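*Asks:* Compute the structure for the input listed below.
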Amino acid sequence: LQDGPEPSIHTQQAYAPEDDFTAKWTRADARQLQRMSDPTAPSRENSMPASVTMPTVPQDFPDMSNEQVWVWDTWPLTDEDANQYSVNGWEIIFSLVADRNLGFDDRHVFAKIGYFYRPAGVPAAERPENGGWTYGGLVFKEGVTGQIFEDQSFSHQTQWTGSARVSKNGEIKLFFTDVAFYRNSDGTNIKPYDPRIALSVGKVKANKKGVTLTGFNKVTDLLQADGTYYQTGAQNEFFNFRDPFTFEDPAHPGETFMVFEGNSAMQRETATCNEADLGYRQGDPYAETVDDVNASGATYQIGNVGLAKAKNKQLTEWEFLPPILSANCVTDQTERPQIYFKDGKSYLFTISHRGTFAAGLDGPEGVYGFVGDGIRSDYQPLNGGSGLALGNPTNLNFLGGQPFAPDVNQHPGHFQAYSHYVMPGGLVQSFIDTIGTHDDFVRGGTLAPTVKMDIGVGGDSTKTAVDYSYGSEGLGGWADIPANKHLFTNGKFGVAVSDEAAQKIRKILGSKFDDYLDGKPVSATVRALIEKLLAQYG
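*Replies:* Numbering: from 1, shown residues only. Take a look at the structure below.
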């Protein structure tokens, strides 16, 4: 470690979900990122430690849709424990997609949700190089998602990132960010954009030929920024509010929660930070003062992670709770939060950009993570108090550049991955933004290879380490989003089954089972036979 401030003291102690306690990712904590960087690291080489750095993705990569669409933020079908699902023999994922004719950086304001599917139960050695995914098309019919907005004057209307909860009958509750924009030809705002957390219910139809979705005809407006906990358009027209992830906390059975990205609810140009945001230990010769930080420009970076609680079992109404993490004077963007449970801990994982860090701070693109003894706790930022769990290869000694303009001295993998999502067993999937150098670089718009991050190394819950023996030197399969639970369902009855049971069921039963799963009527005798067999494994 290079000389610099000690990290902030955190206890990991749990509070009630309803308590007004918000953990801080402090300036002291984040300055550990500079301390971890090797200052000797020569041009275009990685300066961050290998154990918290994503293995390098090759610039020669396959495209998952054969270039039919641009693909980025992607998510599996999940249950309340974040297990990932196949339905009737098909792994299914949702992704943000855009018309491949657009410049990659114009994707955001024309984003739509589509889906991919592939056979479940295929060993890695038998899977196609590109992941073996088939593009299923768009989820929503034209015009459906605009229905929640009173002001229909929008210039752009998009579907942004969320999650998808699957029920045993193959019903899906798709949580997503429904966004209306109001812009001039030149890209400037008329009035503030309007991002909302929404739900649409639909259903999987799956047979031998493939997967189609029904429903997704109605959208329920669930949440919009409030102004007390989560910043609004009036407080800051470029406020962040997006990315719903729902789950059950083992410590609170029978409730459903949601994390999402917000911003601390301060008036943009009146925002300030205070001592706690800084978090320096008494006496530290590297401590900063509140006045200095308030001077620096850092008060414009006030990202947080929110919590909400469902007010019914249908998940159609929610209540805001106080934020669980704030990054005031640290970063603008604590994106795509999820809660991951392991060894009796709550791990909050989030992603952030290099560019969004406050003045005086810096770090790689990628996964930042926090650990604690509850979903609301005094979270301990992982790995030396830094927060860094999985950064893209980065020379922190040189400028970051941008995915559309790489710096001459920067690692060509600086923007190789984004919208990372942690899957069961610490497997991390992400999409490729840019790979290459100043004058020879390519855009991705397809998923990277899945990698493996071991969480809680050496008995120490605050430490993570990349497993470089996974796949081919740390790189697993292209777009590998594997299911660990397997639904069989006729659309009414269903069971969720393990990998091994899925295999045995598919082999034992015959074509009447294929009819059953396709929703065709069968005799009561044949049905009871099928369903009694299933029930043994659910």
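
*Asks:* At which residues are the helices of this structure located?
*Replies:* Taking DSSP state H, the helices of the chain run over residues 27-36, 275-278, 290-296, 382-385, 499-508, 511-517, 524-535.

*Asks:* Which elements pack onto the last one?
*Replies:* Pointing back at helix 524-535 there. In terms of contacts (3 or more C-beta pairs under 8 Å, 6 or more residues apart in numbering; DSSP states H and E), helix 524-535 is packed against strand 494-497, helix 499-508, helix 511-517. All C-beta atoms are positioned from the backbone trio N, CA, C, and that covers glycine.

*Asks:* Could you pull up the residues touching residue 73?
*Replies:* Shown in contact with residue 73 (C-beta atoms under 8 Å, 6 or more residues apart in numbering): 95-96, 160-161, 336, 419, 431.

*Asks:* Longest strand in the protein, please.
*Replies:* As assigned by DSSP state E, the longest strand anywhere in the chain is strand 194-206.

*Asks:* Which other helices and strands does that one contact?
*Replies:* strand 156-166, strand 171-181, strand 211-215, strand 220-223, strand 242-247.

*Asks:* so which of those gets nearest residue 15?
*Replies:* strand 242-247 (17.6 Å; C-beta to C-beta).

*Asks:* Please find the angle between the direction vectors of the closest one and strand 171-181.
*Replies:* Put simply, strand 242-247 runs at 160 degrees to strand 171-181, going by axes from the mean of the first three to the mean of the last three C-alpha atoms, to 10 degrees.

*Asks:* would you put the C-alpha positions of strand 242-247 in CSV?
*Replies:* This file holds the C-alpha atoms of strand 242-247, laid out as CSV (Å, rounded to 0.1, in the frame of the first residue of the first chain):
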residue,chain,number,x,y,z
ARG,A,242,-33.2,3.0,-11.4
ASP,A,243,-32.4,-0.7,-11.3
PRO,A,244,-34.8,-2.7,-9.1
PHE,A,245,-33.6,-5.9,-7.5
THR,A,246,-36.1,-7.8,-5.2
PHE,A,247,-35.4,-10.5,-2.6
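
*Asks:* For the nearest residue to residue 417 once chain neighbours are set aside, grab the count of nearby residues.
*Replies:* The shortest distance from residue 417 to any non-neighbouring residue, by C-beta to C-beta, 6 or more residues apart in numbering, is to residue 430 (3.9 Å). Residues within reach of residue 430, counting by other C-beta atoms under 10 Å, total 28.

*Asks:* wait, what's in contact with residue 430?
*Replies:* Going by C-beta under 8 Å, 6+ apart, residue 430 touches 54, 417-421, 447-448.

*Asks:* go on, residue 306?
*Replies:* Contacts of residue 306 by C-beta under 8 Å, 6+ apart are 229-230, 259-262, 320-321, 323-324.

*Asks:* ok, of the contacts of residue 73, which one's closest to residue 136?
*Replies:* Of all the contacts of residue 73, residue 95 has the smallest distance to residue 136: 9.9 Å, by C-beta to C-beta.

*Asks:* Skipping its backbone neighbours, what lies nearest the closest one in space?
*Replies:* Using C-beta to C-beta, 6+ apart, the nearest residue to residue 95 is residue 74, at 4.2 Å.

*Asks:* tell me the contacts of that neighbour?
*Replies:* By C-beta under 8 Å, 6+ apart, residue 74 lies in contact with 93-96, 419, 421, 429, 431, 447, 481.

*Asks:* Closest one of these to residue 27?
*Replies:* Comparing the contacts of residue 74 against residue 27 with C-beta to C-beta places residue 419 closest, at 26.0 Å.

*Asks:* Report the separation between the closest residue to the closest one other than its chain neighbours and residue 514.
*Replies:* Distances taken as C-beta to C-beta, 6+ apart place residue 73 nearest to residue 419, at 4.2 Å, with adjacent residues excluded. The gap separating residue 73 from residue 514 is 34 Å, by C-beta to C-beta, to the nearest Å.

*Asks:* What is the end-to-end distance of stretch 375-385?
*Replies:* Using C-alpha to C-alpha, to the nearest Å, the end-to-end distance of stretch 375-385 comes out at 18 Å.

*Asks:* my bad, stretch 374-391
*Replies:* With C-alpha to C-alpha applied, stretch 374-391 spans 25 Å between its terminal residues.

*Asks:* Check stretch 258-278 too.
*Replies:* One end of stretch 258-278 sits 28 Å from the other (C-alpha to C-alpha).

*Asks:* got it, and stretch 219-236?
*Replies:* Stretch 219-236 has an end-to-end distance of 26 Å (criterion: C-alpha to C-alpha).

*Asks:* Mind listing what's buried along that stretch?
*Replies:* By neighbour count on 16 or more other C-beta atoms under 10 Å, the buried set for stretch 219-236 is 219-220, 222-225, 229-233, 235-236.

*Asks:* now what about it, what contacts it?
*Replies:* Residues from elsewhere that reach stretch 219-236, judged by C-beta under 8 Å, 6+ apart: 144-145, 147-148, 175, 178, 191-200, 239-241, 244, 260, 262-268, 302, 304, 306, 308, 316-318, 320-323.

*Asks:* likewise stretch 287-300?
*Replies:* Residues outside stretch 287-300 that contact it (C-beta under 8 Å, 6+ apart): 5, 27-28, 268, 271-275, 277-278, 280-281, 328-330, 332, 358-361.

*Asks:* Just the buried subset of those, please.
*Replies:* By neighbour count, with 16+ other C-beta under 10 Å, those hold 5, 27-28, 268, 271, 273, 277-278, 280, 328-330, 332, 358, 360-361 as buried.

*Asks:* any idea which of those residues is closest to residue 208?
*Replies:* residue 332 (47.8 Å).

*Asks:* and the closest one, what are its phi and psi?
*Replies:* Dihedral angles of residue 332 (phi, psi; degrees, to the nearest 10) stand at phi -70, psi -30.

*Asks:* Now do the contacts for it.
*Replies:* Neighbouring residues of residue 332 by C-beta under 8 Å, 6+ apart: 240, 263, 300-303, 356, 358.

*Asks:* Next one: it from residue 305, what distance?
*Replies:* From residue 332 across to residue 305, the span is 13 Å (C-beta to C-beta).

*Asks:* same thing with residue 7?
*Replies:* From residue 7 to residue 305 the distance is 19 Å (C-beta to C-beta).

*Asks:* Looking at those two, which has the bigger crowd around it?
*Replies:* Shown here are residue 7 and residue 305; by other C-beta under 10 Å, residue 305 has more neighbours (27 against 22).

*Asks:* From residue 12, how far off is the more buried one?
*Replies:* Distance, residue 305 to residue 12, by C-beta to C-beta: 16 Å.

*Asks:* again with residue 508
*Replies:* Distance from residue 508 to residue 12, counting by C-beta to C-beta: 47 Å.

*Asks:* just residue 4 next, same as before
*Replies:* For residue 4, the distance to residue 12 equals 23 Å [C-beta to C-beta].

*Asks:* The nearest residue to residue 203 once chain neighbours are set aside: how many residues sit nearby?
*Replies:* Once flanking residues are discounted, residue 203 sits nearest to residue 214: 4.8 Å by C-beta to C-beta, 6+ apart. When counting by other C-beta under 10 Å, one arrives at 13 neighbours for residue 214.

*Asks:* Name all residues that make contact with residue 214.
*Replies:* Residues in contact with residue 214, defined by C-beta under 8 Å, 6+ apart, are 202-203, 205.
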